[PDB]
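Each remark here refers to the structure printed beneath this line.
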DNA sequence: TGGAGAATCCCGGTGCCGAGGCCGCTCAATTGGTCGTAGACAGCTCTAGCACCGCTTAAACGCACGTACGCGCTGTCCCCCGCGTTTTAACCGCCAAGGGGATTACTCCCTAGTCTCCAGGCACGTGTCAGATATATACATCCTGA
DNA sequence: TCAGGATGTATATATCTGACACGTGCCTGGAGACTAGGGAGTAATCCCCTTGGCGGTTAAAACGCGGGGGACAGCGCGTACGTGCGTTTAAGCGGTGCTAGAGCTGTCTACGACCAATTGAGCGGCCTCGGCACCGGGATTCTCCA
Ligand SMILES: Nc1ncnc2c1ncn2[C@@H]1O[C@H](COP(=O)(O)OP(=O)(O)O)[C@@H](O)[C@H]1O
Ligand code: BEF
Ligand SMILES: [Mg+2]
């Protein structure tokens, strides 16, 4: 059966960052696990926020708040900046 | 505005166990918090069990497994016994 | 004169006095206490409170409120893995 | 059947060296064997609970990963 | 001659007293001022509930009591009876809070 | 001959530089099967399942030994001891 | 009891049938049983047991009070302050002491600065009365309760506001004759613990006294009134909606006559202007001064939130501090040694005109009094008095029991060179007499204008041999202007009906 | 017919209907079985009765007749299963178990 | 017309559509907004890029051209914020940071 | 091997305030239908787990030997505890005054559901080169003796 | 203090190979389009609740000081732990053999969602007295110095 992951996207990001560096299979699996784990943490926190405020819709504002709760210190500012930039560009075009 | 809790039910259980002992208000608030917390723990564990097995229903089998995963030792054994007793009585009657 | 400026030295963290810290240690079961424990304890408490209050304020500000509530504090604690019973 | 003794003395010394222990007592070995047995008991009991719930008869790597995650030790690299 | 107790007797008596009681051990106004001052660095002009401040104080005192128990264990481990900042730091370092 | 405490430091550097496992595969596997024998009979393990158990166990023990070392230093020693292990686990709350 | 109820109705029903209407507007115990049967069917000589002379209106007030006593009905001595109402009370207690020959248990309540005055005047006039100032810590109150209060070795006892709250249980055991309540301003609230504990004591009569009548509302009015005759009213919103708040909707202004005629024999209020007793009025000036140029910058920093990184949770109070004085905001005084010089007066808006006025009044011989809300502002004023080296005495909240007395005496000592006298507002000006002073100045405005009036008339009483020159300070183009506007609003919301009370 | 509550049918005291509603609206899965609320209510009742029994004994052990947070704390921290369960939980106004270390005491 | 993927029009590399699907099929809420997946995908891409550049630097310092779990471990444990984030995480075939206490080293 | 002083417990009386019982009503829980799909169950394939044997060799083991370190003991001195006395700020009542959080009513636009279609992503080959492996030389570093 | 021997470790270079980077082919899941309706947003109103100051009491913190006992440093000694070496032992790798059971597909039915009507269990409001927390005296027990 067809099983999916984030391998191709992680590889594209790698070729954007270090243009001539490869990555082994075990490391690739590790980073797949990392992306899944972070995704699930953020989504769970956003879900709990939305239920907390008796709303029934996860929006970019709940995602932003969950990011600010989970990520530590200087990481949070850059993360929210990247998210805001992406959403702004998406809506503008 | 209506606000619902477990006061009356905790009180009925108390009157079954210790027929004459009372209970204060802060103690009742603590018991309410305890019941809510255990509810949430069991329900979340059962939810992730159902998701792991690619099911879409929370059944008594999921609840039983979640109890067995959360409660320690004798608590798990007697809780399983009580839950099974209640389900058997519910179906047979 | 020159008395209107004789008391400007609160420094709120000093509000956690030496006797209070000693009482806390006694409840913890400590029989004898060094003299440097007080400043160290004040630092530890300040860090703990900063973390909890940051989380509670984030929850509150998300909810478009201006009043930190007992529920917000409870959820901050629970998010730090310190569940608190007795406040709803 | 005395399988815990299969965790030999040199293996424990290697683990201690990786942890940074320069000089090791002699009673450490039984203590560490007991600690390891307790840890394994907890993790395997949770893993077998997941396996039995899934109505399988084979303990998969995912069951171990889930059990570790439940106890609070997330493990990266064995699938998802 | 004045009647003085041997050092440690009053310490043990206080230990029994405070492990018997349950009231809060920090003065409420100083604690509230501290909380408000700390909050001032995150969002200007907040407004706490009394129950919120009480919850903060409960949690803080429970945390400090547990930390002092661990500190006592470390101090005993070093064959002392006097708790020291290195004992506190070891307790937090093992807990994973440093 | 090397003076005591030299080969030990050399081994410290070597094993902190390395990455592989440190326990023999088959002894660990027999131990795992024996332990699981007490929960349900006639289980059956995937090789990756057993490997995951080994990775987790070794990581756990290494971290525990770092904490034990800290306690031993705290008592002004260089020799870890059972009571050092017990103190470390009690502080972590595994007791 | 019920016989007393019938006796009371003998005089209440002797007024309009409005008491009957109130009984019949209840939505009812057996008071109707004694009502139905009735429905279907002196000493004007200034008696000499006092040591002094009684004024004519004083004798009239004593006669009104003894009429209330004979009717066994209550009332309120709402006579304007400083009209010898202490003398009225002392002569009335002498009346109960001698004419009825009943010196018994009596209870009087006064503010802390004023516990001295009652004992001094009772000693000056009727030294035959056993009176205490029940002060001291727990133990000083302990032997006082144990020895004399338990020994029943007294006639009257003088206490403060809070001490009765502290000693309710050893005082409930003593059934009283009078619970004398000076400056009855704490009663305006029903949930006030003082009211909560004064519905508990049982005296044969309950003589409420005041310096000024109600402050804001018919609500306030019945809040005071309920504790006069409670078994008669025992009702909460009936009294309000029965009168409909000065015809709040139709603005008839004629139904006020019902209330006013009910209260006219049921209250006794006189004005200083009618019966002078001093033959000299008081002047009033509002010294509108500009808000200081230097603190203009910080006032902008407060308005636009510009110094920074500080709390502003009560913009009212923050702006009010700024309008009072700049240096209260913890840092306007840059000097690490905290210089004390003409820079303070230069930087504070009011103090320049204040220094001019002080130089004027020192030469003019005016003996001045200053009131304020901020004890810290009084600290700054104390430092500035040190700068100018004037003699004075500083009474503030929480000074002492004896030190209040000694400072008052030092100021009021004859030929006292104490030119100024620093004082707070809500702790200082509640009943003391300072006729040795003549001019009263307010540093700030207060959201209780009736309290302000209470304040200015400290020196404007019987014994004032000079013209009272009032100089209130109001900052121009400041929120204090709106303070004054709302103050005038609340003055007129009450004073029109107060003036209608006397006329009809 | 005649209404008879599911809690009564199961022979419980906790509200099966309320628990079923809470499982429904909690977004735990897409569907909820019919025996899940009964099982969960039985488990919650068992745990509640267990702690109440222990705390009642603790309260009677101090010659009291009303349960207070101190009594709850004593019961929980003295029973080892419940101590393991509520290992991360702080009970407000609960206090601490009396315990002085071995070497601190006078010899 | 001709489609243009949401990832492309947001300027990302991670799949916005896949994240949208996972959010919807994950029982996190009844409804899912339209900017939630874009935001979440951008954040995930940021974190991935961060770890990747640190691991690439480590591998280059080790004179290798491929990234391995050892390099991931070194990057994560040498960056303090990432270490705080992944505090309860074990990386298979990771190893430990080289570290010896001062008192153990010879004098 | 002791009484004397301080701490603590025993017992009864008192005031209070919150736990516990009663009551109206409303909204959530139950009862009874219809309908659609999740999953229970059968049957098939073929992967991957279990079992055993043979052979190589690297690690584990048992023992010898020496010294470094743990641990007990002693003395010293400094710093914490205990207690008496003075000062300070906590604590509760009180007074205002706004503001913010909840409620209620209405509206609209943003998300789920449905359908169509095609290209992005996944499974499957394939070559090749980065790393693993094996040797050889260079150098750092430890250790005993001078 | 240093010298020279000895041992382990890094640095250099030549050779395999199997794990990764890349190309093909296909199919399924994401994008485009369109509709309905309900959740979220906005306005207006209100009323409780948070804040800041003071007033006055009083309990707790602050402060000073003697002294004693515990932290700490040094010293000796004796044994338990580290280092090395030869012998044994079992891990690791390979290979062959077999089958349980994991994973998938297909059918169909029974169970859960949803809706509408009904009713009664639980919630807020209201009253009342008994459990509990002092408060004082007296009695007992503990600690400490003889
Ligand atoms: N009839 C009088 N004869 C002499 N002096 C009087 C008389 N009435 C009042 N005074 C003086 O006027 C002052 C007013 O004091 P007091 O009676 O306490 O006024 P109040 O009771 O209104 O405060 C007193 O100090 C008193 O000396
Ligand atoms: F006239 Be009284 F002193 F207020
Ligand atoms: Mg008078």
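Note that chain D carries Swiss-Prot numbering, so the residues on display, from first to last, are 24-103.
Technique stated in the header: electron microscopy, 3.1 Å.
Just so it is clear, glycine is given a Cβ too, placed from its N, Cα and C backbone atoms.
As recorded in Swiss-Prot:
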- D:32: UFM1 cross-link (CROSSLNK)
- D:92: ubiquitin cross-link (CROSSLNK)
- D:32: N6-butyryllysine (MOD_RES)
- D:32: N6-lactoyllysine (MOD_RES)
- D:32: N6-succinyllysine (MOD_RES)
- D:45: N6-propionyllysine (MOD_RES)
- D:48: phosphoserine (MOD_RES)
- D:60: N6-glutaryllysine (MOD_RES)
- D:60: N6-acetyllysine (MOD_RES)
- D:78: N6-lactoyllysine (MOD_RES)
- D:78: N6-succinyllysine (MOD_RES)
- D:80: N6-acetyllysine (MOD_RES)
- D:92: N6-(2-hydroxyisobutyryl)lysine (MOD_RES)
- D:92: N6-acetyllysine (MOD_RES)
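Sequence features annotated in Swiss-Prot and their locations in the structure.
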residue: D:32; record: UFM1 cross-link; contacts (Cβ under 8 Å, 6+ apart): D:52
residue: D:45; record: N6-propionyllysine; contacts (Cβ under 8 Å, 6+ apart): none
residue: D:48; record: phosphoserine; contacts (Cβ under 8 Å, 6+ apart): none
residue: D:60; record: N6-glutaryllysine; contacts (Cβ under 8 Å, 6+ apart): D:27
residue: D:78; record: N6-lactoyllysine; contacts (Cβ under 8 Å, 6+ apart): none
residue: D:80; record: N6-acetyllysine; contacts (Cβ under 8 Å, 6+ apart): D:74
residue: D:92; record: ubiquitin cross-link; contacts (Cβ under 8 Å, 6+ apart): D:98
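In the three-state DSSP reading, residue D:92 (ubiquitin cross-link) counts as helix. Following the DSSP three-state reduction, the secondary structure of residue D:60 (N6-glutaryllysine) is helix. Listed recorded positions (D:32, D:45, D:60, D:92) with a CB under 8 Å from any chain E CB: none. Chain I has a C-beta under 8 angstroms from the C-beta of D:45, taken from the modified residues D:45, D:60, D:78.
Among the recorded positions D:32, D:45, D:60, D:78, D:92, the ones whose Cβ sits under 8 Å from a Cβ of chain F are, in sequence order, D:45, D:60. DSSP assigns residue D:78 (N6-lactoyllysine) to coil in the three-state reduction, placing it in neither a helix nor a strand.
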